Structures are given as C-alpha cells and as structure tokens.
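*Asks:* In the first instance, please consider these chains from the complex; the rest will follow:
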Amino acid sequence: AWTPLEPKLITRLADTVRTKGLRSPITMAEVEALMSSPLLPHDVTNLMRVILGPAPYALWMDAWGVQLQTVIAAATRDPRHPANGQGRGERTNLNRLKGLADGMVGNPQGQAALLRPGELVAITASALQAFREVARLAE
Amino acid sequence: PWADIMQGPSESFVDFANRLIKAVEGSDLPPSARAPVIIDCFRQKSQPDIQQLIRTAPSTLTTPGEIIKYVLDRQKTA
Amino acid sequence: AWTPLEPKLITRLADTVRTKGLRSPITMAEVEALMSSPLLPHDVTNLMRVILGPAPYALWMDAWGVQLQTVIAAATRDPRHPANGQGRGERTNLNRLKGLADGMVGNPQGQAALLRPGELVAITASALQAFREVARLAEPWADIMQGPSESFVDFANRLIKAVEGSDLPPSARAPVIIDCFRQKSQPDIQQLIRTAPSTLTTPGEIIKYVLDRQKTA
C-alpha cells in the first residue's frame, strides 16, 4: 500500500532548498533524510517537481535518465541484479524504472504493486546521484 | 507574457531560464510548441554574450535542458 | 546545305557581350548555346567578327590559329583523327581548317560541301577554347581581405571569383581558397573557423559552418 510523504516535511524541505541552496551539506542531509525509505518513481518525481525550480527540474530529469540508463546497462551486464530476475521474463525495462510501463502511468498504487524492492532502491540511488550532479552543476 | 521576457543586465542565467520556462509553460500555447519556443527564446533573448555563446556551439543543442547545461558549463564567471 | 545563324540571336549575344563582358558565366553559357551545332569556319569567323571588338577579334584570330595548329599536330600524331582519313590523301591541312583551302575561300556552301563533321567539331572546339583564352586575357587573389563592414558571403564570392579567374592550376584552387578563408576574413571569423570541432576540408563546408555560427549583426 502506498503512503504519500507529508506535505509538511516537503514544505520544510522546499524552504530549506530555497534559503540554503542546493549544495549546502544541510540540504543534502535533509534530502538523504527524505530519501530514507525506498520511494516509488511517482514520489521522487513529485518531490523534485516541488522542491526544485523549473530549470533545475529539467536538468534533474536529464541526469536521472542518464543514471537509470547506466543502471540498466549494468543490469543487462549482470543477470543477478536485485531488480532483475533469473529468467529473461523479469528483465527490467526503463519504462518500468521511470514509471512509464503498463499499469503504472499516473497510478502510484499500481506502481507500488508491480515494482520490486530492488527496483525501488535502484531508482532511489539513481535519483540521489542525479540530484548531486544537478546541485554541483547549478552553482 | 512570455514574448516580453528579457534577461536583465545583472540577472543570472538560471533565474532567467526559470522565469522564461515558467511563463511559457503557464501560458496558452499547445504542449507540443513549448520546447521550440523556449529554445528560440533562449537564442534571441539572453543578452548578446550568452547569445554568442549559444551561437558558437560546436554541437547542435536540441533541448532546453541541453542548452542550459552548455551555458552553465561555458558561462563567464563573474 | 548551309543555314546561317539568326541575326536576332547574334544581336542579342552581341548586346550580352557588350553589357556583361567577355568573362561572365552567363556570357560563356550563351556562347556555348550558340556553339551547339558544329559551325563552319565562315560561321564562327563572322560570329566573332560581330560580337567581338577589333582588338579582341585580333587576339581571337591569333588564339584560334594556335589552337588549330595544336589540333593539326595531334592529327599528324594520330592517323585516326575524326577529321583525318585512313590514307594519306585525307590528311587535313590548316588551309582546310581555317577555310582557306581551294573551293572554300569566301563560299560557305562549298565549305559545307567539302568539310567533314569531325573537321567541324574540331574547328568548333578550337574556337571555343580560343574564346576562353581571349576572355581570360582581355580582363590579385593574395591581396583580398574581408572589409570591416563587409559580409562574409560577399567576401567569399569575391575571393572565389579572383582565385578561379587566375593563373593557378585547377588542382590548387580549393586549398588556396581554404587557406585564404583561414588567414583573411577578419579575426572574429578567423577564430570561428579555428575553433571548429569538426575538420572542414572544402570551401563549401567552411561557408556553411560560418553561415550557421556567424555573429548576427
């Protein structure tokens, strides 16, 4: 069952990003805090939509896609990925990682249903690395 | 109004890009016409230093994110 | 049977030569047009008498004679010339090429009678080459600079014109045009060409690149 993040925590994090900036160690610590439980693509996408401005959000979408593509290359380079399965029918496509696959587009409940925990942690680590890249790039 | 947005003489580029993308996406344009308009507004607004910086791009930039990344890389630190 | 060229076409060509000059590509195209069917020495001689002034006509007579002499040397160097025959009795003398042979002097009908089609096409090609020589002679690339206010397409036009209408071999024009684009073409475009992530190996490619990335002003 999907539970959304508190809008109070999200508002506090947005104001933190607004006053301290993207690169301060306190901001990265707060992001790591709100990045503790494995989030669904819907959660991370809306979170970055709210806390980041338009141009940093575009940059972050780009960087997140690139990092997820590196993850999928490593996944096709190793059939023992915690997102993959043993047979070929469990291979994870980027539509399933970005939340674009069938039964997931716009629906967080179905998303949480079909996604694997390894998928969730890989998406989360990818999003964190992308946030780091964009923060280092913006300023 | 998006077509009246200029990058101020003292304004940074990320603020100008934020303002422009906001005004273009929150307007009456179709969804399929926002990216070309944002690109062509980056090229013609964004005072002539950044205009020449985008003009002399050895690669072809075909996305607002790519233009923003390129300009942020090669911008005149000041 | 000999048919003369229209005096209307000849008058139009003469006025073209009068306004555009001898060397314009439109003039050379018009001459190639009126040089389509193989002409008899009478036709080409009268044509050059009408379209060219006195001094260019003298120069053209000289050049035509020289080119015809080269043709006759190649003909005596190969008995299989389309103007020649197999036996020695068909060897073509310059009196027959210039229309000076017996039964031809001043008479275009007899001319058309005795002349061969290979003779006609050789005379025609010789006259065309002579016209080209005289046109290149009648009217400096290394002194061409792009002015401070001049656009780049005008500079490229002027430079390519002066380089192609010069004494360089044909195989040396493209490298010279490129290296003149790089060293002339005032330092803004010089730096624009220098910092080219791709290697430009043709004047057209350099022109396209510069037109794309030029400073709009």
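*Replies:* Looks like it arrived, so ask away. Numbers count the residues shown, from 1 in each chain, chains lettered A, B, ... in the order given.
*Asks:* CA atoms for contacts and neighbours, from now on please.
*Replies:* OK.
*Asks:* so what's the residue in chain A positioned nearest to chain C up against?
*Replies:* Nearest residue of chain A to chain C (CA to the nearest CA) works out as residue A:137 at 23.5 Å. Applying CA atoms under 8 Å, 6 or more residues apart in numbering or on different chains to residue A:137 gives the contacts B:69, B:72, B:73.
*Asks:* Using a markdown table, lay out those together with secondary structure.
*Replies:* Converted to a markdown table, the contacts of residue A:137 look like this (DSSP: H, G, I helix; E, B strand; the rest coil):
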| residue | secondary structure |
| --- | --- |
| B:69 | helix |
| B:72 | helix |
| B:73 | helix |
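*Asks:* wait, what's in contact with the spatially most central residue of chain A?
*Replies:* Geometric centre of chain A, nearest residue: residue A:127, 3.8 Å, by CA atoms, centre = their mean. Residues in contact with residue A:127 (CA under 8 Å, 6+ apart) are A:44, A:64, A:67.
*Asks:* nearest to chain B, of these?
*Replies:* Of all the contacts of residue A:127, the one sitting nearest chain B is residue A:64; the distance, using CA to the nearest CA, is 12.6 Å.
*Asks:* I'd like to know how many residues surround the closest one.
*Replies:* For residue A:64, the number of neighbouring residues by other CA atoms under 10 Å in any protein chain shown comes to 24.
*Asks:* ok, for it, nearest residue in space, not its chain neighbours?
*Replies:* Spatial nearest neighbour of residue A:64, chain neighbours left out: residue A:130 (5.1 Å); criterion: CA to CA, 6 or more residues apart in numbering or on different chains.
*Asks:* attach chain D to the model above:
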Amino acid sequence: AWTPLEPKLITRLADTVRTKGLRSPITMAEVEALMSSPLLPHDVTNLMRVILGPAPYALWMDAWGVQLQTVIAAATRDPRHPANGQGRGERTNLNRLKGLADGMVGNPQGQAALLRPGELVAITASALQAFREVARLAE
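*Replies:* Chain D goes in next, on the same frame as the chains above:
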C-alpha cells in the same frame, strides 16, 4: 535527344535572382517553372552555376550531394526505386546520379542516353530541395 534550356529564360531567371534574392516566393516559383521537365545533371549543374554566385554555388553543391546521398540510402533501403532495377546490376551509384559515371563526364548526350526517367526526377527533386536549403541558409 538532349535540348538545352533557353539562355533567354536563364538570363531572366538570373536577373530575377539578382534583384529579388534567393528566398522570395516569386524566385522559388520561377525556379519551379524552370524545374518542370526532368533535367540532366549537366543542365541543373550549369543552371546553378549561372544563376548562383560562387559561394552559394559551393553551398548548393554540398547540399545537393547530401540530398543525393539520402536518396541513395533510401534506394539501397528499397529495391523498388524508380531509379533502381530489379536485379543488382541496375543499382544506381552516386557517380551515375552526379553525372560522374563512365560515358557521362562532360557529355550531355551520353548522359541523356544512359539515364533513367526515375533517375532524372530524383536528381531534380534533390536539386530543388538543396536549392531551398541554401536559400534558407544564405539569408
């Protein structure tokens, strides 16, 4: 049998390009007019040599080559090209399109002899598109 274009029409078109420019709709209409019958590579090459200046002519040679290369890629992607034949012996090389093949270099009569009508119309459409590109680029 090859018939050349009238130098009167070519002179009028050259003066049109000289006064109105390359991009005016009247100029493009005039070019479409003189581009009505399928022209041999010799015809189009001399036409562009006369009506265009040196630098636009270089640009046009480049663009024409690129468009012809796209055409030849589509031709090797479909053996039913009106320029191609059914067997492999009728495949059309760029030397045959640009007029550089054997029996064609400098000779318009032989050109008209060996060329196909599909070849002619493809060359003509390629030249028209290249003219459009160069006109959009020059000004």
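*Asks:* Re-run the earlier check on the contacts of residue A:127 with chain D in the model.
*Replies:* For residue A:127, the contact set (CA under 8 Å, 6+ apart) comprises A:44, A:64, A:67.
*Asks:* Now do residue A:59 against chain D, distance only.
*Replies:* The span separating residue A:59 from chain D equals 32 Å under the rule CA to the nearest CA, to the nearest Å.
*Asks:* That residue against residue A:134, yeah?
*Replies:* Yes. Using CA atoms under 8 Å, residue A:59 is in contact with residue A:134, at 6.3 Å.
*Asks:* quick one, what contacts residue A:16?
*Replies:* Contacts for residue A:16 were tallied using CA under 8 Å, 6+ apart; they are residue A:27.
*Asks:* repeat that for 10 Å
*Replies:* The neighbourhood of residue A:16, defined by CA atoms under 10 Å, 6 or more residues apart in numbering or on different chains, consists of A:10, A:22, A:24, A:26, A:27, A:30, A:31, A:51.
*Asks:* For PyMOL, write the select line for the buried members of those residues.
*Replies:* Applied in PyMOL, the following selects the buried portion of the contacts of residue A:16 according to 16 or more other CA atoms under 10 Å in any protein chain shown:
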select buried, chain A and resi 10+22+27+30+31+51
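*Asks:* Which members of the contacts of residue A:16 are the farthest-apart pair?
*Replies:* In the contacts of residue A:16, two members sit farther apart than any others by CA to CA. They are A:10 and A:24, at 17.3 Å.
*Asks:* So what does the residue lying farthest from the centre of chain A have for phi and psi?
*Replies:* When distances are taken from the C-alpha mean of chain A, residue A:87 lies farthest, 25.9 Å away, according to CA atoms, centre = their mean. Listed backbone geometry of residue A:87 is phi -80, psi 170, with angles given as degrees, to the nearest 10.
*Asks:* attach chain E to the model above:
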Amino acid sequence: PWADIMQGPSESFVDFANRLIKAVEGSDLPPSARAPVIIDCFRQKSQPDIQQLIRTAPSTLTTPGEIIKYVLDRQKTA
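*Replies:* Just below you will find chain E, in place on the chains above:
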C-alpha cells in the same frame, strides 16, 4: 608563486604554459598534486578566450599535455 600566475593580454600560450609548469613543479606541492593544479590553473587563468576554448571541449581533457595540444590546434591565429 604559482597561484599568482596569469596569462598576459599579449603573451602567447606556450610561454604561459612554460611559466606555469615551471612554477608549479618547482614549488612545495606533493608530486601527486601537480597535474590537477596545472589543469585547474589552465582553466581559470589563461584569459577568457582560451578559457572558453577549453570549456567548450567536446572531449574531456585529463592531462596538461592534452590541454596544450588542443589549445595549440584550435587557437585563434593572431
């Protein structure tokens, strides 16, 4: 002092590179810290024309020799 070296307005790039590499290698830095410092000094010194020339490098330059070669290739002849 290496951190005070700037490329003069009229100085060529090979002279500036010689002076900078001399002052960096003849200093108190560890041997494993000279190449990154030389690179980052090429990027921030070396007046803004060469700064932008290095910034807009389609390839990633990870050695002072490679940076010198690239700049010598694409430099503005003047």
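*Asks:* Re-run the earlier check on the contacts of residue A:16 with chain E in the model.
*Replies:* Contacts were defined as CA under 10 Å, 6+ apart; by that measure residue A:16 touches A:10, A:22, A:24, A:26, A:27, A:30, A:31, A:51.
*Asks:* Same question for residue A:25.
*Replies:* Contacts for residue A:25 (CA under 10 Å, 6+ apart) come out as residue A:31.
*Asks:* of all of chain A, which residue lies closest to chain E?
*Replies:* Relative to chain E, the nearest point of chain A is residue A:137 (13.9 Å; CA to the nearest CA).
*Asks:* Let me see the contact set for the closest residue to residue A:108 other than its chain neighbours.
*Replies:* Counting by CA to CA, 6+ apart, residue A:108 lies nearest to residue A:42, which is 6.1 Å off, once chain neighbours are set aside. Residue A:42 makes contact with A:4, A:98, A:99, A:104, A:105, A:106, A:107, A:108, A:109, A:111, A:112 under the criterion CA under 10 Å, 6+ apart.
*Asks:* ok, the first one touching residue A:108?
*Replies:* Yes. Taking contacts as CA atoms under 10 Å, residue A:4 lies within contact range of residue A:108: 9.4 Å.
*Asks:* The two: which has the busier surroundings?
*Replies:* Each of residue A:4 and residue A:108 had its neighbours counted (other CA under 10 Å), and the higher figure belongs to residue A:108 (19 against 10).
*Asks:* picking up where we left off before, residue contacts, the residue farthest from the centre of chain A?
*Replies:* Contacts here follow CA under 10 Å, 6+ apart; on that basis residue A:87 touches residue A:79.
*Asks:* Good, wrapping up.
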